[PDB]
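Heads up: the protein sequence lines correspond to chains A, B, C, D, E, F, G and H, in order. Residue numbers for the first sequence follow full-length UniProt numbering, so the first one is 16 and each next one is one higher. Residue numbers for the second sequence follow full-length UniProt numbering, so the first one is 12 and each next one is one higher. Residue numbers for the third sequence follow full-length UniProt numbering, so the first one is 22 and each next one is one higher. Residue numbers for the fourth sequence follow full-length UniProt numbering, so the first one is 25 and each next one is one higher. Residue numbers for the fifth sequence follow full-length UniProt numbering, so the first one is 33 and each next one is one higher. Residue numbers for the sixth sequence follow full-length UniProt numbering, so the first one is 34 and each next one is one higher. Residue numbers for the seventh sequence follow full-length UniProt numbering, so the first one is 39 and each next one is one higher. Residue numbers for the eighth sequence follow full-length UniProt numbering, so the first one is 39 and each next one is one higher. Every residue gets a Cβ at the ideal spot worked out from N, C-alpha and C, and that includes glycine. Structure first, commentary second.
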Amino acid sequence: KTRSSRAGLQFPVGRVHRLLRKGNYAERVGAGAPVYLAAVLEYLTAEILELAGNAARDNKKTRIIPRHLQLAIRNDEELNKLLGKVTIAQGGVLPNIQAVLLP
Amino acid sequence: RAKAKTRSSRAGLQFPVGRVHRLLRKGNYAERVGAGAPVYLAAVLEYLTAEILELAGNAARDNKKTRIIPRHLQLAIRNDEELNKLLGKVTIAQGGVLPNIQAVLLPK
Amino acid sequence: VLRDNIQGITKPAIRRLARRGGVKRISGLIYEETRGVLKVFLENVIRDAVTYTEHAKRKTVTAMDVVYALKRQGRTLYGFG
Amino acid sequence: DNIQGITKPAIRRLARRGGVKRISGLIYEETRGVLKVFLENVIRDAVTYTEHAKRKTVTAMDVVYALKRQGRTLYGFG
Amino acid sequence: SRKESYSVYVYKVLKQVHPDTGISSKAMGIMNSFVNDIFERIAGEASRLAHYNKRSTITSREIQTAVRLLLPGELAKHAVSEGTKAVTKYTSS
Amino acid sequence: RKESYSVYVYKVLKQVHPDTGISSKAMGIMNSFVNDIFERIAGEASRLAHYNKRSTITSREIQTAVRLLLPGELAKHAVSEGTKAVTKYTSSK
Amino acid sequence: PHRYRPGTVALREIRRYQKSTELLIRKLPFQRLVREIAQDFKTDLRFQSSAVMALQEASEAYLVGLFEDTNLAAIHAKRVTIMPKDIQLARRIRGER
Amino acid sequence: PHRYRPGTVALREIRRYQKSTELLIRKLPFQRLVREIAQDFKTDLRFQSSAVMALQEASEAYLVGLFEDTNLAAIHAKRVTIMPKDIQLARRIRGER
DNA sequence: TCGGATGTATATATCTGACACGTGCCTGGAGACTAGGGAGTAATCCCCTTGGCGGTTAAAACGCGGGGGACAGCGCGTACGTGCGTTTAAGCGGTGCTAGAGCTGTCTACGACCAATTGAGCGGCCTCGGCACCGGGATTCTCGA
DNA sequence: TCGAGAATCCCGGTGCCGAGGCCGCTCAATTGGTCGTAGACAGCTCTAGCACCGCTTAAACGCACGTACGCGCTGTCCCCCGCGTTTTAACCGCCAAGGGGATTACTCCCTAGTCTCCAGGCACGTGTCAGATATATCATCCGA
């Protein structure tokens, strides 16, 4: 019955519709806008989580921590471009030493 | 019904208050808009316009020009510190640049 | 069609832009560097301008599309529109 | 005098995480100045939000909003 | 159709500031673009301020806080003084 | 009662990695990312609807906002998934 | 015979192009380049003259700010001639690379 | 005896603080600095723990990014040691100054 | 370039406190049904964008000295690392306690909405004055002496 | 220093086009009511921010010591600038057309609004194991 299962998604289409209606974005909100936005959000979340799981596995760890999210975001050209101006707390930095400093 | 008195003249402003109320109501900013919000916003906008026009007219007078052109607006905005900070990511069309030659380049 | 019009941004035009920028002496590779920086900037702006145009079901890129595309990247062109 | 609590080794450690090999002496003050300016800018807007909210405590959401206003979005606190 | 522009009011302010100074069409368009940009900036900040505090209305205090947040230093200290002085004059009919 | 995306972010994680877990700090970061992207896309769609004198957010506006926001491959894949989801939603009544 | 020394005819024209408010780029070549670039996004587009002018103003403002930063970077390295590495460093620090 | 040659330990501690995710700054001194700075805006202010922590995480990230740009500005001048002029160049180009 | 000696990974016991899982319930999401207004489709108008040809000439492309600045190499001395001893204050784990953050119940004043009413501002039309342009004279810089 | 020579400013005269004022008239701002509800105000609770205190010990600080690197100096040369000549294509004007961007008209169907029902996800509690820590066991780098 839930619109998330009717569209084959996992994010809540109903909650997204409620937030779109109560968010002061437009006078009225269409019927497929929540479905489209929930699909896009779920796709981006899946991309982030699949990239962070690889980083967590490369560290012999079965749990995702902020450092793994930072590695996944900074090692992807497009995710780092979408989140260029974002700071991840407890995420550290990307290991990068300039060649000039090396002996 | 009495004589019609505009809300922008009752408050003493020159910018319109009814138009600002209408733009705040048809702008999807909030469900409701208070009575004093358009007055406050119109007063702020009028002050900010007068502040720029003062320096633009001063720049036009320094150039022996009666009228204000975009070059004078750019000269007014870039010279003043706070106007430059407010409009630091803004490009004024046909405004040119502020004359600034680095001291190193000058001849000896 | 149209091809290789990036050379229409001649060397004197780049030197005049540098002079207005306050540059006293220019190298010989600055022209090729600038003709590749300008192309990137123009592609980035025109992609969003054409997106705005296509959304409105139009075939002409209006000045408002360019203004909105510029304001999207935080550039806020005053003047047109 | 609390700006001296940001010691020379702390600035050196931040530089090392930033990939720095050698540091001049005047950096340990040129960096304190920048840190103080940044903190003042962020705390001004945080306290503005706190005062508008009719509150006397600065919640983490006020700092998050003040940072998001300056372009430095922060993930992890709300 | 009728396009609405702040030309009349900007000209009024110019004539009360500089009685004998004109303004061109391009400078008038730049002033209209500046007024629209600042209007939308302050209005968006006020909307976000109302949303953050779970409010449902934009009062004069949200505009005051938006002006304080957006205008730098001495400019905000003067704009707040004009906004409050205008609101006081308004509410004494 | 406070509403978060923890349940859905955890379900997606079980889809993409059935043998890994996610910490509390990472869940907070994922909620802050989802909220930020939602706000970005919704604001862009609202501005798009405002520019065209329309008063309805539709799949057209959300798709154009996604195309404007996300980079090339990310935007193409997001648009494909959104269109597929809208099509499935519609056909299945 | 009266030849100016290499370090004067160039500050001159710095003062000139900082005093003026012109465009400094030919208009037809820029329009042609804009159309060429836009062919990659939608075939058979009809640019509005105001759009082509706004593009030119924005592009030259960007190129003047970039050259200011390039000048600063080239002066930082105790140089006068701007090098492409100066542009690279300016864009890298600006957050465009 | 085994004095690690000048520069080699400096090569280390970079691989140490880029692998770690800690704060690198003492927390009580930073809280005291935050309160002292906030006195100038409102008296008798109380701060939330998640607020001082948020300020610390933001400021340290800002400083690390500034030092990353500053190192590039210093390498540009054919140097290895950062000087304050490198910080000023990075701030000026980024738009802070 | 191997000998001595540091500073990383590697392997194992041992907690423990976050993580994932029952649970139940209550609030928010479905499901049906109605009204009406946004917008989608059709047709039309005109305006403004594309396309073209001719004449000027301002500007770009070219080629040639030549000087000045970028680059490399040497040297010096200083200031910034490296390590050792100390001492200073940061954590940490308790205590108490009290401001004030957060949630609830009235109920009152304020904002939305609607129905005439009209004047402010938007559109169209001169027009003369501010500004651009040219011609020449006076003024200022410049560079080889 | 000095004066010929080039660049620039000033001063005036002429033309020209747009900034500004005036008239007409819409339609959006004003006035005056009702009505519903958002939040102002008082009040209660409980929680977490603050203050303190002892103790341990990790980190910061100060001080030799040395070496390597930033900065200044000198020499080369090469490459960029100033200038004169030759294209050349921008640019202005003036024409023609037709594509499509703005309008209105109509209607229809899609979304808001409301009532009713129910399920899922949000606090809450609990076992338990993923990972952090103490302890012992090979890449590299410093010196003849």
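(message) Along the chain, where does the alpha helix (DSSP H) containing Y51 of chain A start, and where does it finish?
(response) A48 to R72
(request) For the alpha helix (DSSP H) holding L86 of chain B, just list the boundary residues, first then last. (result) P81 to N90
(message) Any beta carbon of chain D sitting closer than 8 Å to that of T46 of chain H?
(response) no
(request) Name, please, each residue of chain B whose Cβ falls closer than 9 Å to the Cβ of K58 of chain E. (result) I80, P81, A104 and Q105
(message) Tell me the residue span of the alpha helix (DSSP H) that contains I62 of chain F.
(response) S57 to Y84
(request) Taking 8 Å as the cut-off, decide whether the C-beta atoms of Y43 of chain E and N64 of chain E are in contact. (result) no
(message) If distances are taken between C-alpha atoms only, which option among A:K96, A:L35 and A:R82 comes closest to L102 of chain F?
(response) A:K96
(request) Let me know the secondary structure DSSP gives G54 of chain F once reduced to three states. (result) strand
(message) Taking the straight line between their C-alpha atoms, what separation do you get for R132 of chain G and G23 of chain B?
(response) 45 Å
(request) For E57 of chain B, I'd like the list of residues in its chain whose CB is within less than 7 Å of its CB, leaving aside the five on either flank, ordered along the chain. (result) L24, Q25 and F26
(message) My output table needs one value for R34 of chain E: the three-state DSSP class, helix, strand or coil.
(response) coil
(message) Any C-beta of chain B within less than 9 Å: which residues of the stretch 72-97 of chain C qualify?
(response) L91, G95, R96 and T97
(message) If you reduce the DSSP assignment to three classes, tell me which class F85 of chain G lands in.
(response) strand
(message) Using 8 Å as the cut-off, can you tell me whether the stretch 64-77 of chain G makes contact with the stretch 23-40 of chain C, which would need three or more C-beta pairs spanning the two stretches below that distance?
(response) yes
(request) Within its chain, find whatever has a CB closer than 6 Å to the CB of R135 of chain G; leave out the 5 residues flanking it on each side and keep chain order. (result) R129
(message) Given a cut-off of 8 Å on the beta-carbon distance, is the pair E94 of chain E and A82 of chain E in contact?
(response) yes
(request) Just grab the DSSP bridge partners of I90 of chain E for me. (result) B:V44
(request) Return the chain-ordered list of same chain residues with a C-beta closer than 7 Å to the C-beta of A48 of chain B, the five sequence neighbours on each side being excluded. (result) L35
(request) Compute the beta-carbon to beta-carbon distance between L59 of chain A and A111 of chain F, rounded to the nearest angstrom, for a pair I have assumed lies under 8 Å. (result) 7 Å
(request) Determine the chain B residues that contact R36 of chain C at a beta-carbon separation under 7 Å, and present them in chain order. (result) Those do not exist, as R36 of chain C stays about 15 Å from chain B at its closest Cβ, beyond 7 Å.
(request) Please check if any C-beta of chain G sits within less than 8 Å of the C-beta of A115 of chain H. (result) yes
(request) Hey, could you find the ends of the beta strand (DSSP E) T102 of chain A is sitting in? (result) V101 to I103
(request) Note down the Cα distance separating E77 of chain E from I90 of chain E, rounded to an integer number of angstroms. (result) 11 Å
(message) Quick test of your reading: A87 of chain B and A104 of chain B, contact by CB under 8 Å. State the CB separation rounded to the nearest angstrom.
(response) No, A87 of chain B and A104 of chain B are not in contact; Cβ-Cβ is about 15 Å, not under 8 Å.
(message) Between the alpha carbons of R117 of chain H and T97 of chain C, how many angstroms are there, rounded?
(response) 38 Å
(request) Identify which residue in B:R21, B:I63 and B:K76 has its Cα closest to the Cα of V49 of chain E. (result) B:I63
(message) So, for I79 of chain A: in the same chain, excluding its five sequence neighbours on each side, which residues have a beta-carbon less than 6 Å away from its beta-carbon?
(response) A67 and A71
(message) Taking 7 Å as the cut-off, is the C-beta of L103 of chain E nearer than that to any heavy atom in the ligand MG?
(response) Here there are no bound small molecules, and the ligand MG is not part of this structure.
(message) Only counting the same chain, and skipping five residues up and downstream in sequence, which positions put a Cβ closer than 8 Å to that of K92 of chain C?
(response) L98
(message) Does chain A have any CB closer than 8 Å to the CB of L101 of chain F?
(response) no
(message) Applying the 10 Å Cβ sphere with the 16-neighbour rule, what's the burial state of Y42 of chain G?
(response) exposed
(request) Could you work out which residue in H:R84, H:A112, H:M91 and H:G45 is closest to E75 of chain D when comparing CA atoms only? (result) H:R84
(request) Spell out the partners DSSP gives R78 of chain A in its beta bridges. (result) F:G54
(message) Please report the distance separating the alpha-carbon of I62 of chain F from that of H83 of chain A.
(response) 11 Å
(request) Say whether the stretch 34-42 of chain C touches the stretch 52-61 of chain G, bearing in mind that this needs 3 or more beta-carbon pairs closer than 8 Å, one atom from each stretch. (result) yes
(request) Given a cut-off of 8 Å, decide if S20 of chain B and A53 of chain B are closer than it, judged by their beta-carbon atoms. (result) no
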